[PDB]
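> First piece of the complex, coordinates kept as in the full assembly:
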Amino acid sequence: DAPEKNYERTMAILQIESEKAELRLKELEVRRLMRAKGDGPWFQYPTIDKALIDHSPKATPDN
């Protein structure tokens, strides 16, 4: 191969791998923040559905 070909192919390799490494670091930071705060879509552990609640007038009023 030409030195030009090896050179610019190396530059394409380095761009792809440095982008993947920066995305992995951001992935770790996103996971840490979402586990710590619970405000993203990950680590959304379930709670009770409020659509199960009966809101009808019951037998006794103090409720």
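Received the coordinates, thanks. Residues are numbered from 1 along each chain as shown, chains lettered A, B, ... in the order given.
> And residue A:50, how far from residue A:44?
Distance, residue A:50 to residue A:44, by C-beta to C-beta, to the nearest Å: 16 Å. Where C-beta positions appear, they are placed from N, C-alpha and C, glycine not excepted.
> Quick check: which element contains residue A:5?
Residue A:5 is part of helix A:3-37, with elements assigned from DSSP states H and E.
> Would you indicate which residues of that helix are buried?
By 16 or more other C-beta atoms under 10 Å, helix A:3-37 has no buried positions at all.
> Measure how far that helix is from the centre of its chain, please.
17 Å (C-alpha atoms, centre = their mean, to the nearest Å).
> tell me the contacts of residue A:35?
Residues in contact with residue A:35, defined by C-beta atoms under 8 Å, 6 or more residues apart in numbering, are A:42-43.
> residues touching the residue most central in space within chain A, list them.
Central residue of chain A (C-alpha atoms, centre = their mean): residue A:42, 5.3 Å from the mean position. Each residue near residue A:42 by C-beta under 8 Å, 6+ apart is listed here: A:30-31, A:34-35.
> Reformat the residues you listed as TSV; add distance to residue A:57.
Shown next, in TSV, are the contacts of residue A:42 (distance: C-beta to C-beta, whole Å):
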residue	distance to residue A:57
A:30	47
A:31	47
A:34	42
A:35	43
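> put chain B on too:
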Amino acid sequence: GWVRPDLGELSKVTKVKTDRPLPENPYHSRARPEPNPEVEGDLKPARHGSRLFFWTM
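This next block brings in chain B, placed alongside the chains you saw above:
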């Protein structure tokens, strides 16, 4: 002149005209927490694949 109610009448659900206001918060509840932000936007492919150590897809 009072007429005794028939079978079924005293168990009816009646309507009541009042002058007191309807309670806006009968449970004395505070404000609910704001929900988590939803998903929006188109779903793009994963940038350079799985990014699992050496797999290019």
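> back to the buried residues of helix A:3-37, now that we've got chain B?
residue A:20 (16 or more other C-beta atoms under 10 Å in any protein chain shown).
> Check stretch B:47-54 too.
So for stretch B:47-54, counting by 16+ other C-beta under 10 Å, buried means residue B:51.
> Contacts for it next, please.
Stretch B:47-54 has contacts (C-beta atoms under 8 Å, 6 or more residues apart in numbering or on different chains) with A:16, A:19-20, A:23-24, A:27, B:55-57.
> okay, how far is it across stretch A:40-55, tip to tip?
Across stretch A:40-55, the terminal residues are separated by 30 Å (C-alpha to C-alpha, to the nearest Å).
> what's the answer for stretch A:32-50, then?
Taking C-alpha to C-alpha, stretch A:32-50 runs 29 Å from one end to the other.
> likewise stretch B:47-57?
Terminal residues of stretch B:47-57 are spaced 9 Å apart (C-alpha to C-alpha).
> And stretch A:54-63, by the same measure?
First-to-last distance for stretch A:54-63 - C-alpha to C-alpha - comes to 12 Å.
> That stretch vs chain B: in contact?
No. With C-beta under 8 Å from any C-beta of the partner chain as the criterion, chain B is not reached by stretch A:54-63; the gap is at least 9.4 Å.
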